[PDB]
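Data first, discussion second: the structure below is written as structure tokens.
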Amino acid sequence: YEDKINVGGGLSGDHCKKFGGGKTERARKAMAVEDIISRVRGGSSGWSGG
Amino acid sequence: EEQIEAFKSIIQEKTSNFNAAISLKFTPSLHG
Ligand SMILES: *[C@@H]1O[C@H](CO)[C@@H](O)[C@H](O)[C@H]1NC(C)=O
Numbered sequence: 384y385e386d387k388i389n390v391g392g393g394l395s396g397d398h399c400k401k402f403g404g405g406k407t408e409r410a411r412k413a414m415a416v417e418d419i420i421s422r423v424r425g426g427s428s429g430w431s432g433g
Numbered sequence: 218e219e220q221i222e223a224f225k226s227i228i229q230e231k232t233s234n235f236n237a238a239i240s241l242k243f244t245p263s264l265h266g
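Chains A and B, in that order, are what the protein sequence lines are.
Numbered continuously in full-length UniProt numbering, the first sequence closes out at residue 433.
FYI, the numbering for the second sequence is 218 to 245, 263 to 266, going by full-length UniProt numbering.
If you want it as structure tokens, here you go:
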């Protein structure tokens with residue numbers, strides 16, 4: 384403002400923020416157990432055993 | 218079998234600006 388005495392003044396501020404976050408987690412587990420046992424009382428020592 | 222994976226990502230930013238515009242002029263010889 385000025386009146387004919389002058390007084391001067393001026394201000395201008397600017398602020399800005401930019402935040403970011405990201406997370407990723409992946410798990411994969413597999414377990415398999417297979418057992419096959421055959422008891423044969425056929426009567427063959429070697430050939431029956433095979 | 219076992220398998221696991223993990224990912225993470227983070228970004229941060231912060232701006233700032235501060236103007237200042239002030240002028241003085243006076244004239245009622264005298265001048266300012
Ligand atoms: C100055 O003022 C302008 C307009 O109001 C604004 O966009 C800017 O962020 C300010 N600061 C600067 C240019 O540093």
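Yeah, the Cβ is synthetic: ideal placement off N, Cα and C, and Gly gets one too.
Endpoints, the beta strand (DSSP E) within which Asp-397/A is located: The residue you call residue 397/A lines up with position 14 of the first sequence. Per DSSP, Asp-397/A belongs to the beta strand (DSSP E) from 395-412.
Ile-420/A - partner residues in DSSP beta bridges: Looking up residue 420/A in the first sequence gives position 37. Paired residue(s): none; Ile-420/A is not in a bridge.
Residues in the stretch 229-241 of chain B having any Cβ partner in chain A nearer than 8 Å: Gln-229, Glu-230, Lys-231, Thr-232, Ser-233, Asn-234, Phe-235, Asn-236, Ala-237, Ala-238, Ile-239, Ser-240, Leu-241
Cβ of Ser-263/B within 8 Å of any chain A Cβ: What you label residue 263/B is simply residue 29 of the second sequence in a count that begins at 1. So, not an interface residue.
Terminal residues of the beta strand (DSSP E) in which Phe-224/B lies: Position 7 of the second sequence, counted from the first residue, corresponds to residue 224/B. Unbroken beta strand (DSSP E) run through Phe-224/B: 219-236.
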